[PDB]
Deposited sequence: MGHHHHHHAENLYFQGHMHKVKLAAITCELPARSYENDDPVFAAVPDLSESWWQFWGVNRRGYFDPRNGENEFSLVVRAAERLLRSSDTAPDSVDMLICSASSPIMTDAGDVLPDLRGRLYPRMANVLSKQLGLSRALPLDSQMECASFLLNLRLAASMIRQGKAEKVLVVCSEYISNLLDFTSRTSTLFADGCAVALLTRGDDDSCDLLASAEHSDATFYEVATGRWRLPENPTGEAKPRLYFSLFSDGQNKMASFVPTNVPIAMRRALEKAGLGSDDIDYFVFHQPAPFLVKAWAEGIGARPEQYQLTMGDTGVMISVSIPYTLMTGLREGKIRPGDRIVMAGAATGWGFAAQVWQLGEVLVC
């Protein structure tokens, strides 16, 4: 009963989630902070509903931006994981704000910019001399997109080490004369995926789908402030239009059910869940739609705000750091994104270095 065939079957490589870190802004802002003084129509009912009590914004005056904090986090992770810079085969970055601001020592005279994106400049700053650079965008689900891209490259033998970066400078798009400015927040995440040498870690299955019915609801649009004063200039601003009912509540469970079905597993086979963090009621609706109990996931937006694509990796790291997620666990990671998009992943996890 040894050999299924006289020849040997090919096998996709196993995908190891090897290391993860995050870098958050140094400064935190409370809900009564003066930055919100011009925001109309606030109430304790508003704050309590969205579940955010404090959040961080990058302070470029003190050298914090989407690039510098990524350099710090990536160098720390590469050194702690003993990853030689020339052994990284691919660097995948996401940054939801179209406005970047810093290119380190690579393009030192460039300031606010739309292009280039981050990956190529960052690979040069970090000395990743063999890394193919790629910059992807799936808004709040970009971390899951990049894990999926990395995993497929590793499975098919096209990369042995992939560095994944998400860096959200969303505050440079927030209209602080509008209630739309009160939930999103800044932060960065870096993770390392590698070809596994055993069975201890793998991406068992994933499911991605999109629905653009409500595309116009959440956009970045060039416009004047909602409640302007003086000679205000147009800027690129996060904008919310007005119906959607159960759209986001149901579609993340749809993605999770598809991923579990592809993995041949049920919800009861899952030890822990990691969700995007848009609001407590949404996370709870997602959990209840797939059968996850409150003791099987964390709400983490309370002290960070909603960090676009970084909420998922931050929440994964929190669960590992606090012992909620253990080596050998099978987990589901899932979220929604404007556009809109939905993604879910079923992981068998081994040991993950938090650094």
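Undergrad: Extract from the deposited sequence all ranges with no corresponding C-alpha coordinates, numbering residues from 1.
TA: According to the record, the gaps fall at 1-6, 249-252.
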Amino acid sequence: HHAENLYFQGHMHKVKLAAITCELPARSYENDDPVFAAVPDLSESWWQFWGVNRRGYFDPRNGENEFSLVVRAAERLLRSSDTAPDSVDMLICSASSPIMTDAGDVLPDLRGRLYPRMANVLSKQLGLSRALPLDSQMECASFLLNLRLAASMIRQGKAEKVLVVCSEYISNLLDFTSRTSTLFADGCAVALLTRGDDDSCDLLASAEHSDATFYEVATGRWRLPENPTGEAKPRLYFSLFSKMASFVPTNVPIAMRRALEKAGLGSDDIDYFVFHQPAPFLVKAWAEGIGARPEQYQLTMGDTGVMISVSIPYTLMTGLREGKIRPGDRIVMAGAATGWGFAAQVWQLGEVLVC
From here on, numbers count along this sequence of modelled residues.
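Undergrad: With reference to the PDB entry, specify whether the mean Cα temperature factor is higher for 62-70 or for 311-319.
TA: Higher mean C-alpha B-factor in the PDB entry: 62-70.
Undergrad: Taking the recorded C-alpha temperature factors, which stretch has the higher mean, 176-184 or 140-148?
TA: Stretch with the greater average CA B-factor: 176-184.
Undergrad: If you compare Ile92, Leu236, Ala218, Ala279, which has the highest Cα B-factor in the entry?
TA: If I rank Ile92, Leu236, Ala218, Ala279 by C-alpha B-factor, first place goes to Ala279.
Undergrad: Could you tell me which one of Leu193, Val252, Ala189, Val106 shows the highest CA temperature factor in the PDB record?
TA: So the option with the highest C-alpha B-factor is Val106.
Undergrad: Comparing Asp135 with the other modelled residues of its chain, is its CA B-factor in the lowest, middle or highest third?
TA: According to the entry, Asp135 has a C-alpha B-factor in the chain's lowest third.
Undergrad: Would you mind checking where the Cα B-factor of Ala26 ranks among the modelled residues of its chain, as the lowest, middle or highest third?
TA: Ranked within chain, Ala26 CA B lands in the highest tercile.
Undergrad: Would you mind ranking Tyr115 by its C-alpha B-factor against the rest of the chain and naming the third, lowest, middle or highest?
TA: For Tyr115, the deposited C-alpha B-factor lands in the lowest third.
Undergrad: By the record's CA B-factor, is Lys158 among the lowest, middle or highest third of residues in the chain?
TA: Middle third, going by the recorded CA B-factors of the chain.
Undergrad: Ordered by C-alpha B-factor within the chain, which third holds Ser43? Give me lowest, middle or highest, please.
TA: Within its chain, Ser43 is a highest-third residue by C-alpha B-factor, going by the deposited values.
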